[PDB]
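Listed in order, the protein sequences are those of chains A, B, C and D.
By the working numbering, the letter at position 134 of the first sequence is numbered 134, and the numbering carries on one by one without gaps.
Every position in the second sequence, counted from 1, becomes a number in the working numbering once 171 is added.
Every position in the third sequence, counted from 1, becomes a number in the working numbering once 342 is added.
Every position in the fourth sequence, counted from 1, becomes a number in the working numbering once 513 is added.
Every residue, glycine too, gets a C-beta built ideally from N, C-alpha and C.
Shown next, in structure tokens, is the structure this report addresses.
4 protein chains.
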Amino acid sequence: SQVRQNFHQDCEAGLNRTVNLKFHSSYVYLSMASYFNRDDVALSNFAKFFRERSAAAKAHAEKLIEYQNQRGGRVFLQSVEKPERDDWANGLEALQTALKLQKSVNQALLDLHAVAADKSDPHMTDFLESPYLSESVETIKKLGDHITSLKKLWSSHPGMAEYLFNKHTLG
Amino acid sequence: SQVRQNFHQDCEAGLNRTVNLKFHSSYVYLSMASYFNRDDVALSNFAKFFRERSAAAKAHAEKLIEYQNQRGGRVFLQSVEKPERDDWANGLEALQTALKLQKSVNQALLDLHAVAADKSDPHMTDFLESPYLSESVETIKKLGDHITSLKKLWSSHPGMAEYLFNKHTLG
Amino acid sequence: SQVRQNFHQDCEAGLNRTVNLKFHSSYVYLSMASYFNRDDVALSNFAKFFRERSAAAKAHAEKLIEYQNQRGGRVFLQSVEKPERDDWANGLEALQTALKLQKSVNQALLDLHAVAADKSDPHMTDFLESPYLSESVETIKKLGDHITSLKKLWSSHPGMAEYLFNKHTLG
Amino acid sequence: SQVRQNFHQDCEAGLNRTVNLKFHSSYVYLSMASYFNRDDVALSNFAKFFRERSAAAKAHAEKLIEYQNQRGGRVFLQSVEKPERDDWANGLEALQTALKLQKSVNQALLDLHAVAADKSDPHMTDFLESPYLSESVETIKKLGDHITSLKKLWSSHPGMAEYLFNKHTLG
């Protein structure tokens, strides 16, 4: 590539692994959004919340693909594995699964950053920091706050907890 | 009728039965709306909800009457039977009665569609599909969602369940 | 499902197969869009065109998932297979691959329609017709027109053909 | 300097070398812009393109001079060497010369970044990353895309290639 400069193979490969990871997350959230729209779950604002997370993860995957092209790397897409579950039990469990998902995606981004740093690629570390690393920690804080608030309500009544939270926090 | 063309007697008769069915539904919802406005029930948004369903069913009956005229059939109106109850117990029971009502009306519309299809009347099947069959399934999904949400609250406290739902969902 | 009515298992299953098919198409177009953004291909309007097709297929998959929920079926997501190629050769070949892709997706939709018809589900046949079947034939006609125009230019000079078409037709 | 803090001599010197490099680039592009305005070349949009690159490089040199003052360093200006050529042959050759020029300027910026990093100067690495390193890679990608598009047309007819590109891409 006539454009390629100071772009290491390990950074190119790591970038391709990270887009698959982002697509996988998006698919997971899509599953959650669809689950909450079921007539027997009926929590429209939980669904909306996960639909937004799904869209955000997908956009991230797309921007990482664009970055690959801009640096002169070659995009290699892999199959996207289905979510681990089709039934997400309830709103608290879905929220907790999302926190763990976001934390593992954050770790992958941290690891990718470390490779760019080790390879002395200031352009990539800069790109990874804003907005990827920053959106990650914000989302993690928001999910953590949400889990705390829902847990407090859960202790009183789970039926009412989900209904109230869906309305006052997610709405 | 100089206008009549490819309009079978069975479709004409079925159409007349369906308008009575629509008027009967409207009357049922009117009864529900009035019940929720009682000083000892006092759930103004439940009443409003059933008042809208009543108006929608009535409009449907009117449009079916117009369709009969447009195709050259003759309208025959029958007496409208009163609702089965004057007292609807509570908000959950009223909602459940409505789901069953909507499902039987949906079935009648499906049966009517099948007769039009069997008689090779593409104009009538098309007319029945949009908006009749489509509004039917949307209403059924909404009522199902509503019953799920109210049932969750019911498990905690029925008194509070109705008050909250009337305010946050129906309002 | 309290909402389910006149919804056959075969229609429910077919719907789940079709969303995977739609997601697979979207992924294919994403691959094409990314390929055209490579510094050694550089046909920004071809990329834009495939990016739009990708977004359209994804939206379709999402609406089919919503339909499943509305009828009371249960969504089961499967893994999304990667595109068959990472390198798409050129603009004419990418266009020809898309026509074949659209035609097979159209066939799957026709087959699904036939199952709904056989099961006497007027709601589903109606839903499949507009906008799914209609967007399909429009896209197929547009792709066919595009292939004809590009082929005419190709016969003179492929280098210039892509550059001109990218600018005057896709731009 | 009462203002100087955590500003190493090597970073101060490197900054002065980089402004000369930026001024030299600007001068090179000025030469290219003037060449394309010759009555015997007459490619007004190629000239405009190089005129913009010239202005951008000059602005960069000016901002680096300001940075030197802000950190308490002392600006030392050196003579600006003339471009290596007065005649740039054609549009493809000028474009290729620019890619190589941008890549060497990018390397100098990467080297400067590495010195700041080694000296533990987070303010300077941050300043170098945005917008210097980022504009560099964007320009390199754009020049690469341009060379690809022009090369495709060149294979058919160089006379027409320049005329079309000057109009459809650079215009």
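Three-state secondary structure (DSSP) of residue i
| i | result |
| --- | --- |
| residue 422 (chain C) | strand |
| residue 659 (chain D) | helix |
| residue 499 (chain C) | coil |
| residue 417 (chain C) | coil |
| residue 468 (chain C) | helix |
| residue 664 (chain D) | helix |
| residue 564 (chain D) | helix |
| residue 459 (chain C) | helix |
| residue 171 (chain A) | coil |
| residue 179 (chain B) | coil |
| residue 282 (chain B) | helix |
| residue 21 (chain A) | helix |
| residue 544 (chain D) | helix |
| residue 385 (chain C) | coil |
| residue 358 (chain C) | helix |
Inter-residue spacing [alpha-carbon to alpha-carbon] between residue i and residue j
| i | j | result |
| --- | --- | --- |
| residue 602 (chain D) | residue 501 (chain C) | 22 Å |
| residue 616 (chain D) | residue 641 (chain D) | 16 Å |
| residue 213 (chain B) | residue 40 (chain A) | 28 Å |
| residue 629 (chain D) | residue 118 (chain A) | 16 Å |
| residue 346 (chain C) | residue 417 (chain C) | 14 Å |
| residue 538 (chain D) | residue 525 (chain D) | 20 Å |
| residue 31 (chain A) | residue 529 (chain D) | 56 Å |
| residue 336 (chain B) | residue 198 (chain B) | 24 Å |
| residue 10 (chain A) | residue 515 (chain D) | 44 Å |
| residue 301 (chain B) | residue 380 (chain C) | 47 Å |
| residue 610 (chain D) | residue 392 (chain C) | 33 Å |
| residue 390 (chain C) | residue 121 (chain A) | 29 Å |
| residue 401 (chain C) | residue 394 (chain C) | 11 Å |
| residue 638 (chain D) | residue 151 (chain A) | 44 Å |
| residue 454 (chain D) | residue 590 (chain D) | Absent from the structure is residue 454 (chain D), since the part of chain D shown begins at 514 and ends at 684. |
| residue 332 (chain B) | residue 443 (chain C) | 52 Å |
| residue 167 (chain A) | residue 410 (chain C) | 25 Å |
| residue 499 (chain C) | residue 465 (chain C) | 51 Å |
| residue 435 (chain C) | residue 378 (chain C) | 12 Å |
| residue 306 (chain B) | residue 234 (chain B) | 14 Å |
| residue 656 (chain D) | residue 371 (chain C) | 26 Å |
| residue 139 (chain A) | residue 423 (chain C) | 29 Å |
| residue 521 (chain D) | residue 8 (chain A) | 29 Å |
Counted within 10 angstroms of its Cβ, other Cβ atoms place residue i as buried (16 or more) or exposed
| i | result |
| --- | --- |
| residue 415 (chain C) | buried |
| residue 619 (chain D) | buried |
| residue 599 (chain D) | exposed |
| residue 456 (chain C) | exposed |
| residue 592 (chain D) | exposed |
| residue 425 (chain C) | buried |
| residue 91 (chain A) | buried |
| residue 312 (chain B) | buried |
| residue 658 (chain D) | buried |
Beta-carbon proximity of residue i to residue j, cut-off 8 Å
| i | j | result |
| --- | --- | --- |
| residue 70 (chain A) | residue 650 (chain D) | yes |
| residue 320 (chain B) | residue 340 (chain B) | yes |
| residue 398 (chain C) | residue 365 (chain C) | no |
| residue 646 (chain D) | residue 612 (chain D) | no |
| residue 376 (chain C) | residue 147 (chain A) | no |
| residue 527 (chain D) | residue 625 (chain D) | yes |
| residue 505 (chain C) | residue 534 (chain D) | no |
| residue 684 (chain D) | residue 558 (chain D) | yes |
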